[PDB]
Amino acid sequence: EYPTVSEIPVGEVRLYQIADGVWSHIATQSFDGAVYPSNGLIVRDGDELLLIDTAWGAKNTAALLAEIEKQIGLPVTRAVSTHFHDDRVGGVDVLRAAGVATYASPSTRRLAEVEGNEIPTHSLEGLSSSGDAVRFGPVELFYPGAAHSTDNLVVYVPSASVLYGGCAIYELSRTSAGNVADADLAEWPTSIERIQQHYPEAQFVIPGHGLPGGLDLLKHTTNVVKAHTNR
């Protein structure tokens, strides 16, 4: 029942409950002449919510906050953006205006500034070196090394064994890489192996775009990234 790109109008947001207190959010956006779905995460944090990633733009992120209030009814108090691209930080200003404390690593904040993207307010400490992990409310944040971007973080939810890979992990339906202008293609397989070694118990793996699956999504992503390298 996970919603697909054809099932979400651009401008609307859907939520999918993965486990007790854990949801993904799904939005869509027009880019380069196609329409893409995009995922983020919502994790219950006591009587508050932690948001992982915007819904890819101001309009979608306003719709995200509305759908969260409608369907969950707890306040989003903190948000973490997992890298500097617009599907992760586009909408940070909407979050900020709604009273959400927005966070990213120092590397993400700097890259967003260089790129011209919205800049989360707070800086996460302890994520500057490959293999670093820190606990941030009900999730563990992990920097696996450069992959889809040099700053990409992944997010693990220990209570539910949910691994949110963000854009470093591809859905199975995606068999080609795409625009890897900001990617470190050469390091990406090693960074995926580091995720595999640090979170081998993950039961549910959420890619940045598209359908969730199991840990197979990690090997799939390596296969796709290597195939692109060889073109």
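Numbering starts at 1 and runs along the sequence shown. In this text, rigid core is short for the largest set of C-alphas that superpose within 1.5 Å between two forms.
Quick one: core-superposed, which stretch strays further from the shown model in 8 other deposited structures of this protein, 57 to 65 or 175 to 183? Go by RMS C-alpha distance.
The more displaced stretch in 8 other deposited structures of this protein turns out to be 175 to 183.
Name the stretch that deviates more in 8 other deposited structures of this protein: 32 to 40, or 164 to 172? Use RMS CA distance to the shown form, core superposed.
The answer is 32 to 40, which departs more from the shown form in 8 other deposited structures of this protein.
Averaging C-alpha B-factors over each stretch, which comes out higher, 111 to 119 or 79 to 87?
The stretch with the larger mean CA B-factor is 111 to 119.
Regarding 102 to 110 and 155 to 163, which shows the higher C-alpha temperature factor on average in the entry?
Comparing 102 to 110 with 155 to 163, the higher mean C-alpha B-factor belongs to 155 to 163.
Among the choices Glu69, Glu201, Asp53, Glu171, identify the one whose CA B-factor in the record is greatest.
The C-alpha B-factor peaks, among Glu69, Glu201, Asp53, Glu171, at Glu201.
Name the one of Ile42, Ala177, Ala63, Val35 with the greatest CA B-factor according to the PDB entry.
Across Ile42, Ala177, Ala63, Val35, the entry lists the biggest C-alpha B-factor for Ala177.
Just say lowest, middle or highest third for the CA B-factor of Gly208 relative to the other modelled residues in its chain.
Lowest third.
Quick check for you: using the entry's CA B-factors within this chain, is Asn223 in the lowest, middle or highest third?
According to the entry, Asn223 has a C-alpha B-factor in the chain's middle third.
Where does the C-alpha B-factor of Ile26 rank in its chain, lowest, middle or highest third?
According to the entry, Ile26 has a C-alpha B-factor in the chain's lowest third.
Within this chain, which third does the Cα B-factor at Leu127 fall in: lowest, middle or highest?
For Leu127, whose C-alpha B-factor we compare with every modelled residue in the chain, the answer is the middle third.
Compared with the other modelled residues in the chain, in which third is the CA B-factor of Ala58?
Tercile = middle for this residue's CA B-factor.
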